[PDB]
Every structure is written in C-alpha cells, then in structure tokens.
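1. structure of the sequence below:
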Amino acid sequence: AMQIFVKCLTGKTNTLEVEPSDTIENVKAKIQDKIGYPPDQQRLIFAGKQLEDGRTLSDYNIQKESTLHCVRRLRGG
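-> Numbers count the residues shown, from 1 in each chain. Take a look at the structure below.
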C-alpha cells in the first residue's frame, strides 16, 4: 500500500491508499466513489501528463506521497 493524494474538489485534497499495480481506471473509480468526481470520461493528470486508464500507477512511476489532479475541479469539499 502507498498513500497518494488527489486534487479534484475545490476545497479539499483527498487521500487514497493504493498499490503500484492498480490501474489508473481503478484509482479514478475509487476517487469517484469517494467524492462523485471525476467522471470516467476525464483523464487524471500527474506531472504534466494526462494518464491513460489501462496503465498502472507503476507505469507512470507514481510512488508514495504523489499527488494527482483533475483537469477541472468540482466545487466543494
């Protein structure tokens, strides 16, 4: 397990526990279940790259304490 952070709501940084082998799609779904957002059609962003759904966190070298963010932020927290 590793802890990562996501910036998808305007008022709040969410915290997730994930594994390097998790797919981007699964991670996004986990965020979506938690906060209602981002939609499946939106790609997450990490270090200037728009992440592809079928790759894993490890494919992108996403390690403990990384922060991902959404292209658009939902209002709230």
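2. when you work out contacts or count neighbours from here on, use the C-alpha atoms and nothing else.
-> Noted.
3. wait, isn't residue 71 in contact with residue 45?
-> Yes: using Cα atoms under 8 Å as the test, residue 71 is close enough to residue 45 to be in contact (6.9 Å).
4. next up, the contacts around residue 4.
-> Residue 4 makes contact with 15, 16, 17, 18, 63, 64, 65, 66, 67, 68, according to Cα atoms under 8 Å, 6 or more residues apart in numbering.
5. got a PyMOL select line for the buried ones in the residues you listed?
-> Here is the PyMOL command that selects the buried residues among the contacts of residue 4 (16 or more other Cα atoms under 10 Å):
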select buried, resi 16+18+67+68
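6. now the contacts of residue 4 in CSV, with distance to residue 1 and secondary structure?
-> Supplementary listing: the contacts of residue 4 in CSV, determined by distance: Cα to Cα, whole Å; DSSP: H, G, I helix; E, B strand; the rest coil:
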residue, distance to residue 1, secondary structure
15, 13, strand
16, 10, strand
17, 6, strand
18, 5, strand
63, 10, coil
64, 8, coil
65, 11, coil
66, 13, coil
67, 15, strand
68, 16, strand
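7. how about the strands in the chain?
-> Residue ranges of the strands in the chain, as given by DSSP state E, are 2-9, 12-18, 45-46, 49-50, 67-74.
8. mean neighbour count, these: which tops it?
-> Of those, the one with the most neighbours on average (mean count of other Cα atoms under 10 Å) is strand 2-9, at a mean of 19.
9. partner strands of that strand and their direction?
-> strand 12-18 (antiparallel), strand 67-74 (parallel) (DSSP bridges).
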